[PDB]
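Next up, protein_22.pdb (PDB, C-alpha atoms and all ligand atoms):
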```pdb
MODEL        1
ATOM      1  CA  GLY A 405     -30.415   3.119 -10.568  1.00  0.00           C
ATOM      2  CA  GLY A 406     -32.985   3.334 -13.420  1.00  0.00           C
ATOM      3  CA  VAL A 407     -32.336   2.523 -17.122  1.00  0.00           C
ATOM      4  CA  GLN A 408     -35.758   3.455 -18.605  1.00  0.00           C
ATOM      5  CA  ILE A 409     -37.877   6.503 -19.620  1.00  0.00           C
ATOM      6  CA  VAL A 410     -40.372   6.636 -16.700  1.00  0.00           C
ATOM      7  CA  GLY A 411     -39.869  10.209 -15.405  1.00  0.00           C
ATOM      8  CA  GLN A 412     -36.779  11.556 -17.273  1.00  0.00           C
ATOM      9  CA  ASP A 413     -37.090  15.177 -16.011  1.00  0.00           C
ATOM     10  CA  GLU A 414     -40.689  16.543 -16.378  1.00  0.00           C
ATOM     11  CA  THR A 415     -40.157  17.245 -20.122  1.00  0.00           C
ATOM     12  CA  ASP A 416     -43.466  16.256 -21.807  1.00  0.00           C
ATOM     13  CA  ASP A 417     -45.125  19.679 -22.484  1.00  0.00           C
ATOM     14  CA  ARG A 418     -42.876  21.279 -25.189  1.00  0.00           C
ATOM     15  CA  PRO A 419     -44.584  23.988 -27.272  1.00  0.00           C
ATOM     16  CA  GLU A 420     -43.343  23.684 -30.962  1.00  0.00           C
ATOM     17  CA  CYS A 421     -39.999  24.575 -32.703  1.00  0.00           C
ATOM     18  CA  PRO A 422     -40.543  27.022 -35.578  1.00  0.00           C
ATOM     19  CA  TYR A 423     -38.123  25.088 -37.924  1.00  0.00           C
ATOM     20  CA  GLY A 424     -40.216  21.863 -37.588  1.00  0.00           C
ATOM     21  CA  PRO A 425     -39.302  19.520 -40.484  1.00  0.00           C
ATOM     22  CA  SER A 426     -36.527  21.939 -41.644  1.00  0.00           C
ATOM     23  CA  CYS A 427     -34.631  22.020 -38.304  1.00  0.00           C
ATOM     24  CA  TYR A 428     -30.901  21.128 -38.608  1.00  0.00           C
ATOM     25  CA  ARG A 429     -29.539  22.626 -35.326  1.00  0.00           C
ATOM     26  CA  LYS A 430     -28.043  20.583 -32.425  1.00  0.00           C
ATOM     27  CA  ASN A 431     -28.459  22.541 -29.138  1.00  0.00           C
ATOM     28  CA  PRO A 432     -28.830  21.170 -25.589  1.00  0.00           C
ATOM     29  CA  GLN A 433     -31.667  23.557 -24.541  1.00  0.00           C
ATOM     30  CA  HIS A 434     -33.365  23.476 -28.028  1.00  0.00           C
ATOM     31  CA  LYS A 435     -34.291  19.727 -27.755  1.00  0.00           C
ATOM     32  CA  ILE A 436     -35.865  20.566 -24.304  1.00  0.00           C
ATOM     33  CA  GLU A 437     -37.457  24.003 -25.160  1.00  0.00           C
ATOM     34  CA  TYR A 438     -39.041  23.321 -28.597  1.00  0.00           C
ATOM     35  CA  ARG A 439     -40.286  19.918 -29.930  1.00  0.00           C
ATOM     36  CA  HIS A 440     -40.382  18.892 -33.649  1.00  0.00           C
ATOM     37  CA  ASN A 441     -43.668  16.909 -33.930  1.00  0.00           C
ATOM     38  CA  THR A 442     -46.895  16.190 -31.960  1.00  0.00           C
ATOM     39  CA  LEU A 443     -46.891  12.587 -30.627  1.00  0.00           C
ATOM     40  CA  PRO A 444     -46.752  11.095 -27.119  1.00  0.00           C
ATOM     41  CA  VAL A 445     -43.664   9.115 -25.970  1.00  0.00           C
ATOM     42  CA  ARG A 446     -45.162   6.481 -23.582  1.00  0.00           C
ATOM     43  CA  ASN A 447     -48.982   6.052 -23.998  1.00  0.00           C
ATOM     44  CA  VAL A 448     -49.412   4.560 -27.521  1.00  0.00           C
ATOM     45  CA  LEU A 449     -51.366   1.285 -26.863  1.00  0.00           C
ATOM     46  CA  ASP A 450     -52.455   0.890 -23.194  1.00  0.00           C
ATOM     47  CA  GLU A 451     -52.807  -2.880 -22.507  1.00  0.00           C
TER
HETATM   48 ZN    ZN B   1     -35.792  22.794 -33.802  1.00  0.00          ZN
ENDMDL
END
```

What's the structure tokens form of this structure?
Amino acid sequence: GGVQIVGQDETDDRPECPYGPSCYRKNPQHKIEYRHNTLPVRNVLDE
């Protein structure tokens, strides 16, 4: 039970993929080991 993004799996502290904007790989551990930007995914307004 739970169809939202409130505690997916403690994955909010990625470091930084080297590719960055030029990253065209699709791996399961890559999306969780290295991020591709620097923005939050939940606190962007606070009301
Ligand atoms: Zn990457």

Checklist line | For atom CA of residue 419 of chain A and atom CA of residue 450 of chain A, the interatomic separation in Å (one decimal) | finding: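 Going from atom CA of residue 419 of chain A over to atom CA of residue 450 of chain A covers 24.7 Å.
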
Kindly assemble as JSON lines a list of the chain A residues that lie within 9 Å of ligand ZN 1 (chain B), each paired with its nearest atom pair and their distance in Å to one decimal, using all atoms listed in the file, sorted first by chain and then by ascending residue number.
```
{"residue": "A:420", "atom": "CA", "partner": "B:ZN1", "partner_atom": "ZN", "distance": 8.1}
{"residue": "A:421", "atom": "CA", "partner": "B:ZN1", "partner_atom": "ZN", "distance": 4.7}
{"residue": "A:422", "atom": "CA", "partner": "B:ZN1", "partner_atom": "ZN", "distance": 6.6}
{"residue": "A:423", "atom": "CA", "partner": "B:ZN1", "partner_atom": "ZN", "distance": 5.3}
{"residue": "A:424", "atom": "CA", "partner": "B:ZN1", "partner_atom": "ZN", "distance": 5.9}
{"residue": "A:425", "atom": "CA", "partner": "B:ZN1", "partner_atom": "ZN", "distance": 8.2}
{"residue": "A:426", "atom": "CA", "partner": "B:ZN1", "partner_atom": "ZN", "distance": 7.9}
{"residue": "A:427", "atom": "CA", "partner": "B:ZN1", "partner_atom": "ZN", "distance": 4.7}
{"residue": "A:428", "atom": "CA", "partner": "B:ZN1", "partner_atom": "ZN", "distance": 7.1}
{"residue": "A:429", "atom": "CA", "partner": "B:ZN1", "partner_atom": "ZN", "distance": 6.4}
{"residue": "A:430", "atom": "CA", "partner": "B:ZN1", "partner_atom": "ZN", "distance": 8.2}
{"residue": "A:431", "atom": "CA", "partner": "B:ZN1", "partner_atom": "ZN", "distance": 8.7}
{"residue": "A:434", "atom": "CA", "partner": "B:ZN1", "partner_atom": "ZN", "distance": 6.3}
{"residue": "A:435", "atom": "CA", "partner": "B:ZN1", "partner_atom": "ZN", "distance": 6.9}
{"residue": "A:437", "atom": "CA", "partner": "B:ZN1", "partner_atom": "ZN", "distance": 8.9}
{"residue": "A:438", "atom": "CA", "partner": "B:ZN1", "partner_atom": "ZN", "distance": 6.2}
{"residue": "A:439", "atom": "CA", "partner": "B:ZN1", "partner_atom": "ZN", "distance": 6.6}
{"residue": "A:440", "atom": "CA", "partner": "B:ZN1", "partner_atom": "ZN", "distance": 6.0}
```

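As for atom CA of residue 411 of chain A and atom CA of residue 445 of chain A, they are spaced 11.3 Å apart.
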
Notebook entry, point to check: Which value, in Å to one decimal, gives the distance between atom CA of residue 447 of chain A and atom CA of residue 432 of chain A?
Noted result: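 Computing it gives 25.2 Å between the two atoms.
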